[PDB]
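*Asks:* Here you go, one structure.
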Amino acid sequence: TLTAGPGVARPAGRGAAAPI
Amino acid sequence: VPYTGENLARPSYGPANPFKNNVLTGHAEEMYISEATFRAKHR
Amino acid sequence: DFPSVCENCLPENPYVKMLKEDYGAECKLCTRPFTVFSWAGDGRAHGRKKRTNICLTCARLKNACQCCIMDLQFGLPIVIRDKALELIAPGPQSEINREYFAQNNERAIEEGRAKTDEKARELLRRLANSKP
Amino acid sequence: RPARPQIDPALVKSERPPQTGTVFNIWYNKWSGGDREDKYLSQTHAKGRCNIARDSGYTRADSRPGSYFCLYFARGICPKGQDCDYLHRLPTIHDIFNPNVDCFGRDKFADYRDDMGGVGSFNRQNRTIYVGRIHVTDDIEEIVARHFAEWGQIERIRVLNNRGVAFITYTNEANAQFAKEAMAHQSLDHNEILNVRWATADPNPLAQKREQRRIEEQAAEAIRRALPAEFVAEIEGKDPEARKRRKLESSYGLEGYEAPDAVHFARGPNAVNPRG
Amino acid sequence: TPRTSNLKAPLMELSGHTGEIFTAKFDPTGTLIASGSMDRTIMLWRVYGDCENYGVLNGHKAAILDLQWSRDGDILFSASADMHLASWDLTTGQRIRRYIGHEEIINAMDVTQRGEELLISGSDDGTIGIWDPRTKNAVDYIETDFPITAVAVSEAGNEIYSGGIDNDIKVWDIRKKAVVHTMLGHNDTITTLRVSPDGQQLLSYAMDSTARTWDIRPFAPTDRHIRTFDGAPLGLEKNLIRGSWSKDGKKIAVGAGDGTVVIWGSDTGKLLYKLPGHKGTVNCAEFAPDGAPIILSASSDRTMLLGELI
Amino acid sequence: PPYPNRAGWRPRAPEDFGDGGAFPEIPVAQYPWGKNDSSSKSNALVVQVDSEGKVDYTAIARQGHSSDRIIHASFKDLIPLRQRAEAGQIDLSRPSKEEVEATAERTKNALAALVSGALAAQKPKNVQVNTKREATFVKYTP
Amino acid sequence: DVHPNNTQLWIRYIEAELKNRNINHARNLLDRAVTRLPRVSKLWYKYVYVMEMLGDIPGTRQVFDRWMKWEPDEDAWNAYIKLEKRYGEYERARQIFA
Amino acid sequence: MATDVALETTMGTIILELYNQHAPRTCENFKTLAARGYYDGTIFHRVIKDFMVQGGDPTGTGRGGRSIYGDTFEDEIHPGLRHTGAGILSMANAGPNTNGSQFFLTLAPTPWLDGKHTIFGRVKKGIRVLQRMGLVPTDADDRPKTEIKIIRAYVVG
Amino acid sequence: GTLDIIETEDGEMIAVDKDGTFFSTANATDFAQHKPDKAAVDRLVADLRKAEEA
Ligand SMILES: [Zn+2]
Ligand SMILES: [Zn+2]
């Protein structure tokens with residue numbers, strides 16, 4: 001009886017590189 | 001991915017200009033923190 | 001979606017509580033309704049809630065803080081700046097011309113299309129060798 | 001000393017104005033009906049005069065820095081005194097306020113009115129007030145001088161007795177507004193109602209030149225505070241030591257170079273300068 | 001080399017939590033994802049294919065702060081700040097039972113992957129509870145004098161890896177109910193202790209922004225400390241950052257408070273990756289247990305980033 | 001003066017530079033073409049240069065426009081595409097199903113936002129109160 | 001703004017700024033005019049005539065070069081050739097015939 | 001003696017002299033990278049008017065750069081060589097002893113790079129081309145908005 | 001530096017244009033800086049007044 005929740009999956013990008 | 005760690009760990013060559021924010025006064029980016037942490041530091 | 005407010009105005013605490021109201025007030029310069037950002041103060045003696053007073057278009061064109069309306073570089077009242085450093089931006093101030101100019105500037109900035117210290121140095125050169 | 005209440009609370013309340021009309025408009029709170037020309041010529045004497053010597057004193061706002069002054073103290077009508085939330089004292093030359101607000105904690109408009117009165121404007125730095133409706137006598141200068149040295153720190157006191165109108169130029173925004181709202185419909189020695197408005201700019205070329213010179217010296221003061229003193233001296237070009245320091249520093253070898261101002265007088269994170 | 005895996009996109013952003021995510025774990029066959037979050041909810045996703053949220057588990061009365069899978073991947077194990085443990089069934093989406101006996105907030109727990117089934121809960125009253133996943137009562141509990149924020153089960157199934165605010169990893173024995181020995185050396189509050197897959201190294205990140213790898217092997221010198229990796233500063237919040245190992249035990253992935261997940265090489269201490277993509281602190285950084293280059297980073301942006309390591 | 005003997009001899013004119021390029025082994029203020037000392041903020045457009053190294057007068061046609069705007073400003077834009085000397089092989093094919101679907105999703109998102117705003121305009125909810133007020137935290141580095 | 005492609009309005013604004021010796025203003029106007037309306041011969045003629053009356057023969061040559069870039073009618077090439085024959089660079093006029 | 005190289009570009013051609021007996025390491029590196037076709041088809045990734053034109057990255061982003069002596073090598077600052085004026089070559093290095101392959105062709109006298117940036121070359125033929133390279137429209141990152149490409153770079157004889 | 005003076009084998013001065021920007025100010029930035037003469041400005045202005053008067 002596993003009901004389907006409100007989650008969604010969207011491909012995205014990891015954004016700008018960060019300095020160390 | 002833009003490689004792994006080699007191009008993240010190096011400086012851009014050349015000297016800078018002898019001569020990027022978004023707000024006029026400074027830089028502001030959105031963030032998510034717990035409201036309890038904010039309340040603790042505010043108090 | 002964030003005010004351009006100098007550290008003179010943002011009260012004391014690095015952790016600040018700020019309220020936002022869409023169309024909360026009219027701009028004091030261009031008289032068009034804008035988003036008001038009102039914060040708290042360094043004292044619970046008069047709950048004035050020091051707020052923004054000019055819109056981000058008028059904040060950006062005249063380059064001044066939204067709350068206190070003085071310059072971001074030098075900290076001058078904006079007429080002192082535009083009269084001593086001279087030129088830069090006169091800005092219309094009439095009835096319909098005011099909102100016309102603001103409307104066109106916002107329309108340009110939204111559609112993508114678009115040396116203060118140099119004139120400060122030139123001001124220093126006009127004043128250093130001056131004589132009444 | 002503690003601040004003294006000026007009027008007992010029994011006199012002041014929220015009363016309806018005089019019935020100058022047939023029906024009271026309760027939205028606009030104005031007496032509609034009747035003539036409209038009679039209201040335009042209906043000035044009245046004030047209901048009290050403040051004196052700083054016998055009435056100023058400590059209040060809750062005096063212990064609070066960054067507060068605002070009491071407008072109802074300036075008119076001499078604040079009826080509580082020590083327990084008023086705003087300052088009860090004359091502003092100094094150090095009581096500097098932001099251009100958005102006047103000294104009384106009221107919003108400050110972008111242009112003046114038709115009758116050049118009210119709060120003020122942040123589109124023109126105005127330290128000069130018009131004081132008209134002065135009964136013509138021979139000693140107008142003396143009485144104006146004493147009654148305006150009462151209210152602060154003056155720089156110019158132009159008076160024109162032939163028709164009896166005065167221009168008073170203070171030194172501060174706060175003192176100018178305090179003198180404006182303190183003498184609003186206040187009495188002179190003669191039983192008259194004064195007309196203390198803001199003053200339109202004088203067409204006298206000298207006054208325009210010196211107000212301009214005040215604008216550039218204020219800008220220069222802020223710039224010299226913002227810039228390093230080394231930069232100010234090295235640009236100023238009056239000390240021969242400053243000139244030869246400028247040559248040697250903006251040489252970097254290569255005799256006869258004299259680096260551009262955009263590079264020599266450049267402030268940045270890395271920069272090429274002593275910085276600071 | 002664009003993409004070498006079985007995901008339908010090089011990055012996927014799993015969203016749908018209305019509150020901060022604190023943990024996220026993989027099914028030990030690398031096929032199912034469970035994320036528990038402060039909106040008191042466990043969201044259950046697929047990792048391969050279109051990746052639908054197939055399930056939601058409700059029943060905790062407060063914030064969820066851990067969950068492990070079973071041997072097969074049929075029973076979930078949730079610790080929550082309502083002072084409770086819970087065992088959940090994934091055939092029906094219901095709850096099997098709740099485990100009661102702690103008096104303060106529960107920060108850690110561990111299931112024995114092989115050996116005999118035990119749940120190991122560290123809780124802020126100062127207790128380490130050993131539970132059997134068939135009876136709600138505690139089989140045993142070990143008393144300390146400090147809160148416990150980190151817990152791991154040994155390979156041999158009798159040693160317990162506690163980490164408290166007393167700044168040192170403690171290895172206890174279940175039978176004698178006493179500490180065997182303490183690997184000290186950390187300066188701040190311990191957050192994660194994850195054993196190496198082969199079973200000879202222990203990862204440990206603490207509030208001092210340093211992640212150290214220690215020895216597990218019975219033959220070791222006095223100082224069992226192998227290495228002190230650095231390069232993942234901790235942010236404003238004092239969250240319990242959860243690191244993990246790769247399948248081959250070569251890569252160390254720990255989240256950081258700037259939204260970036262930092263991967264070092266466990267062999268030498270070289271920063272392999274510093275992957276951005278999050279706004280708030282990254283709470284749970286995990287590898288795929290199957291050995292694929294899949295990495296997951298669940299952060300308190302209410303989000304999870306499922307990405308690749310090419 | 002060829003290599004490597006220019007010591008003592010200082011160039012005084014751009015013809016003394018050969019064809020140009022300042023000599024690095026003579027310490028002196030060298031300018032291979034001329035002096036740009038100070039221009040008093042001359043408000044003219046900066047004369048830029050096109051791809052082949054010539055003056056570009058399309059900077060008057062493109063003024064007041066964004067950089068991604070298509071503006072025909074030269075005679076080359078009047079030539080039929082086959083007869084231009086740039087290329088001869090052009091793919092006159094519609095976008096593939098993936099990128100048509102991506103455009104559909106982006107346009108549908110934007111138009112759905114405008115639909116929602118318009119539906120709030122044409123019939124607003126009776127109360128304009130949103131009591132489910134969530135905070136928004138902003139990291140501000142001035 | 002209301003009438004962008006009107007040649008009479010363009011010429012009126014150029015001549016109104018030429019009668020008051022605003023030469024730099026009027027040359028900006030003429031560049032904008034022959035940018036907006038590249039196939040109107042009157043604006044190009046006015047720009048070459050203004051440049052020749054100001055004494056800048058290299059300016060007249062550069063304006064004619066831009067016009068010849070635009071491939072105009074026969075009268076424009078003829079005018080350019082008559083210019084170079086007036087000033088005597090016959091080899092330049094030969095190149096223009098080429 | 002001086003050795004000549006030929007940077008053929010879209011906006012013109014440049015013929016450069018390089019000093020073998022002043023800075024042998026860097027100029028010999030320039031020969032070896034020019035003769036192999038490493039600069040062929042590259043992009044002048046940074047142009048800043050009145051200052052500098054930097055280029056040499058095969059990716060054209062100012063990050064990488066390969067020399068035949070590994071990845072990096074040392075610096076040679078001869079006191080006789082300076083940053084006298086326009087049209088002078090330099091190694092665009094990160095810090096001390098960080099010379100790679102992207103080079104630095106200056107546009108103005110900048111005598112503050114001495115002691116940090118080595119000097120190894122100068123331009124013979126093509127200097128109005130360098131003026132035009134300084135006059136190209138840029139972005140806020142000061143990459144050229146057009147395509148400045150180094151098609152060819154050969155030793156003249 | 002724009003014009004180069006050469007002496008040929010016949011023995012005469014020949015000026016060779018390194019650029020092509022001698023006779024025309026196109027492909028030359030200096031066209032932005034030219035100032036027309038006051039006499040020519042007066043001549044053009046007076047011609048405009050004559051056309052207006054006619
Ligand atoms: Zn405005
Ligand atoms: Zn402010």
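Labels for the structure tokens follow display order: chains A, B, ..., residues from 1 in each chain, ligands from 1.
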Set the cut-off to 8 Å and count only C-alpha atoms: what are the residues of chain F that reach chain G? Output as a PyMOL selection string.

*Replies:* chain F and resi 57-58+60-61+73-75

*Asks:* Store the residues picked out above, limited to N, CA, C and O atoms, as a short mmCIF file (atom, residue, chain, number, x, y, z; two decimals), in the first residue's frame.

*Replies:*
data_model
loop_
_atom_site.label_atom_id
_atom_site.label_comp_id
_atom_site.auth_asym_id
_atom_site.auth_seq_id
_atom_site.Cartn_x
_atom_site.Cartn_y
_atom_site.Cartn_z
N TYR F 57 31.04 50.55 -38.35
CA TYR F 57 29.97 51.53 -38.20
C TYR F 57 28.64 50.88 -37.87
O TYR F 57 27.62 51.57 -37.85
N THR F 58 28.62 49.57 -37.61
CA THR F 58 27.44 48.93 -37.06
C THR F 58 27.27 49.22 -35.58
O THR F 58 26.21 48.93 -35.03
N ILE F 60 26.83 52.03 -34.50
CA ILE F 60 25.75 53.01 -34.47
C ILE F 60 24.41 52.32 -34.66
O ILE F 60 23.41 52.73 -34.07
N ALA F 61 24.37 51.25 -35.46
CA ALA F 61 23.13 50.51 -35.66
C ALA F 61 22.75 49.70 -34.43
O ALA F 61 21.55 49.56 -34.14
N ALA F 73 22.62 45.11 -40.57
CA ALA F 73 23.19 46.45 -40.67
C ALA F 73 24.20 46.59 -41.80
O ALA F 73 24.79 47.66 -41.94
N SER F 74 24.41 45.56 -42.61
CA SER F 74 25.42 45.60 -43.65
C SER F 74 24.84 45.08 -44.94
O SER F 74 23.77 44.48 -44.97
N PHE F 75 25.56 45.33 -46.04
CA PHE F 75 25.14 44.84 -47.34
C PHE F 75 25.19 43.33 -47.44
O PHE F 75 24.45 42.75 -48.24
#

*Asks:* For the alpha helix (DSSP H) assignment from backbone DSSP, which residues of region 68-137 of chain F qualify? Please present them as a list in words.

*Replies:*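 Matching residues for alpha helix (DSSP H) in region 68-137 of chain F are residues 97, 98, 99, 100, 101, 102, 103, 104, 105, 106, 107, 108, 109, 110, 111, 112, 113, 114, 115, 116, 117, 118, 119, 120, 121 and 122 of chain F.
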
*Asks:* Using only C-alpha atoms, which of the listed residues (F:49, F:29, F:102, F:22) sits closest to chain D?

*Replies:*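 Closest candidate: F:29.
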
*Asks:* Can you tell me which residues come within 8 Å of ligand 1 when counting only C-alpha atoms and all ligand atoms, ideally as a ChimeraX atom specification?

*Replies:* /C:26-32,34,54-59,102

*Asks:* Keeping only N, CA, C and O atoms, write the selected residues as an mmCIF file, in the first residue's frame.

*Replies:*
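So the final result, stored in out.cif, reads:
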data_model
loop_
_atom_site.group_PDB
_atom_site.id
_atom_site.type_symbol
_atom_site.label_atom_id
_atom_site.label_comp_id
_atom_site.auth_asym_id
_atom_site.auth_seq_id
_atom_site.Cartn_x
_atom_site.Cartn_y
_atom_site.Cartn_z
ATOM 1 N N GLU C 26 5.051 54.747 -2.233
ATOM 2 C CA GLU C 26 5.480 55.386 -3.466
ATOM 3 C C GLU C 26 6.899 55.884 -3.265
ATOM 4 O O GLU C 26 7.270 56.255 -2.150
ATOM 5 N N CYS C 27 7.692 55.862 -4.329
ATOM 6 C CA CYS C 27 9.048 56.385 -4.272
ATOM 7 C C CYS C 27 9.017 57.859 -3.926
ATOM 8 O O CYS C 27 8.125 58.587 -4.362
ATOM 9 N N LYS C 28 9.960 58.297 -3.097
ATOM 10 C CA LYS C 28 9.999 59.713 -2.768
ATOM 11 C C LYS C 28 10.522 60.534 -3.931
ATOM 12 O O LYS C 28 10.227 61.727 -4.027
ATOM 13 N N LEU C 29 11.272 59.919 -4.833
ATOM 14 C CA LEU C 29 11.802 60.646 -5.986
ATOM 15 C C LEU C 29 10.856 60.531 -7.177
ATOM 16 O O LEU C 29 10.317 61.537 -7.643
ATOM 17 N N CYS C 30 10.626 59.314 -7.663
ATOM 18 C CA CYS C 30 9.902 59.152 -8.918
ATOM 19 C C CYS C 30 8.408 58.940 -8.737
ATOM 20 O O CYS C 30 7.695 58.898 -9.742
ATOM 21 N N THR C 31 7.926 58.850 -7.497
ATOM 22 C CA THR C 31 6.510 58.650 -7.142
ATOM 23 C C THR C 31 5.875 57.489 -7.897
ATOM 24 O O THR C 31 4.881 57.642 -8.604
ATOM 25 N N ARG C 32 6.460 56.308 -7.740
ATOM 26 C CA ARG C 32 5.887 55.094 -8.285
ATOM 27 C C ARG C 32 5.925 54.017 -7.209
ATOM 28 O O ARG C 32 6.916 53.920 -6.468
ATOM 29 N N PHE C 34 6.545 50.809 -5.059
ATOM 30 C CA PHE C 34 7.686 49.909 -5.072
ATOM 31 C C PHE C 34 7.662 49.056 -3.810
ATOM 32 O O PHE C 34 6.857 49.275 -2.902
ATOM 33 N N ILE C 54 13.299 55.082 -1.522
ATOM 34 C CA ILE C 54 13.340 55.218 -2.971
ATOM 35 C C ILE C 54 13.449 53.833 -3.596
ATOM 36 O O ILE C 54 13.939 52.883 -2.987
ATOM 37 N N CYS C 55 12.970 53.723 -4.832
ATOM 38 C CA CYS C 55 12.943 52.438 -5.511
ATOM 39 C C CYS C 55 14.319 52.083 -6.052
ATOM 40 O O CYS C 55 15.206 52.931 -6.145
ATOM 41 N N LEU C 56 14.487 50.807 -6.416
ATOM 42 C CA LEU C 56 15.778 50.330 -6.909
ATOM 43 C C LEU C 56 16.165 50.971 -8.233
ATOM 44 O O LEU C 56 17.354 51.073 -8.538
ATOM 45 N N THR C 57 15.190 51.396 -9.033
ATOM 46 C CA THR C 57 15.509 52.158 -10.233
ATOM 47 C C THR C 57 16.104 53.507 -9.860
ATOM 48 O O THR C 57 17.164 53.897 -10.360
ATOM 49 N N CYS C 58 15.450 54.216 -8.942
ATOM 50 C CA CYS C 58 15.962 55.505 -8.497
ATOM 51 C C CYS C 58 17.185 55.330 -7.609
ATOM 52 O O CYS C 58 18.016 56.235 -7.502
ATOM 53 N N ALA C 59 17.303 54.180 -6.949
ATOM 54 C CA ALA C 59 18.508 53.886 -6.186
ATOM 55 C C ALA C 59 19.692 53.662 -7.109
ATOM 56 O O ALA C 59 20.820 54.038 -6.796
ATOM 57 N N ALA C 102 11.235 57.714 -15.308
ATOM 58 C CA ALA C 102 11.399 56.496 -14.518
ATOM 59 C C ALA C 102 10.881 55.273 -15.266
ATOM 60 O O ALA C 102 11.504 54.204 -15.242
#

*Asks:* Distance limit 7 Å, reference ligand 2, atoms considered: only C-alpha atoms and all ligand atoms. Which residues make the cut? Give them as a VMD selection string.

*Replies:* chain C and resid 5 to 9 65 to 70

*Asks:* Next, the residues of the selection above should be written as a compact mmCIF listing (two decimals), in the first residue's frame with N, CA and C atoms.

*Replies:*
# COMPACT_ATOMS: atom_id res chain seq x y z
N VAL C 5 21.16 49.04 0.83
CA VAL C 5 21.15 49.80 2.07
C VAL C 5 22.54 49.80 2.69
N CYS C 6 23.03 50.99 3.02
CA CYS C 6 24.37 51.12 3.60
C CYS C 6 24.40 50.63 5.04
N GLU C 7 25.60 50.30 5.52
CA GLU C 7 25.79 49.84 6.89
C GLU C 7 25.48 50.91 7.93
N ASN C 8 25.45 52.18 7.54
CA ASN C 8 24.99 53.22 8.45
C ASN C 8 23.54 52.99 8.84
N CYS C 9 22.74 52.44 7.93
CA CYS C 9 21.31 52.32 8.14
C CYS C 9 20.92 50.99 8.77
N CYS C 65 21.88 55.21 -1.28
CA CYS C 65 21.22 54.29 -0.37
C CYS C 65 19.72 54.53 -0.39
N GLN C 66 18.94 53.46 -0.23
CA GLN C 66 17.49 53.58 -0.34
C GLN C 66 16.87 54.25 0.87
N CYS C 67 17.47 54.10 2.04
CA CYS C 67 16.87 54.61 3.26
C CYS C 67 17.22 56.08 3.49
N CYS C 68 18.51 56.38 3.58
CA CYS C 68 18.98 57.71 3.95
C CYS C 68 19.13 58.64 2.76
N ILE C 69 19.13 58.09 1.55
CA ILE C 69 19.31 58.81 0.28
C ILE C 69 20.56 59.67 0.32
N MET C 70 21.71 59.05 0.56
CA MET C 70 22.98 59.72 0.33
C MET C 70 23.89 58.79 -0.46

*Asks:* Near chain D, meaning an atom within 12 Å, which residues of chain B appear when counting only C-alpha atoms? Write them as a ChimeraX atom specification.

*Replies:* /B:15-19

*Asks:* Enter the distance from CA of residue 75 (chain D) to CA of residue 48 (chain D), in Å, rounded to one decimal.

*Replies:* 6.7 Å

*Asks:* Name all residues at most 7 Å from residue 14 (chain I) (count only C-alpha atoms; drop same-chain ones fewer than 3 positions away) and give them as a short mmCIF file (atom, residue, chain, number, x, y, z; two decimals) with N, CA and C atoms, in the first residue's frame.

*Replies:*
data_model
loop_
_atom_site.label_atom_id
_atom_site.label_comp_id
_atom_site.auth_asym_id
_atom_site.auth_seq_id
_atom_site.Cartn_x
_atom_site.Cartn_y
_atom_site.Cartn_z
N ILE I 5 59.35 56.16 -46.40
CA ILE I 5 60.02 56.81 -47.53
C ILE I 5 61.10 55.88 -48.04
N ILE I 6 61.06 55.57 -49.34
CA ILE I 6 62.03 54.68 -49.95
C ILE I 6 62.67 55.39 -51.14
N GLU I 7 63.86 54.93 -51.50
CA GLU I 7 64.57 55.38 -52.68
C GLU I 7 64.80 54.18 -53.59
#

*Asks:* Residues of chain B no more than 12 Å from chain C, counting only C-alpha atoms: send them over as a PyMOL selection string.

*Replies:* chain B and resi 19+21-30+35+37-43

*Asks:* Show which residues sit within 10 Å of residue 3 (chain B), as a list in words. Count only C-alpha atoms, and ignore same-chain residues fewer than 6 positions away.

*Replies:*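 Final neighbour list, sorted by chain and number: residues 272, 273, 309 and 310 of chain E.
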
*Asks:* Keeping only N, CA and C atoms, write those residues as a CSV table (one decimal), in the first residue's frame.

*Replies:*
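This is the output file out_28.csv:
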chain,number,residue,atom,x,y,z
E,272,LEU,N,40.2,15.3,-4.2
E,272,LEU,CA,39.8,14.8,-5.5
E,272,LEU,C,38.7,15.7,-6.1
E,273,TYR,N,37.7,16.1,-5.3
E,273,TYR,CA,36.5,16.9,-5.8
E,273,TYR,C,36.1,17.9,-4.7
E,309,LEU,N,30.5,11.0,-10.8
E,309,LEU,CA,32.0,11.3,-10.6
E,309,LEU,C,32.7,10.7,-11.8
E,310,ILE,N,32.9,11.5,-12.9
E,310,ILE,CA,33.5,11.0,-14.1
E,310,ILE,C,35.0,11.4,-14.1
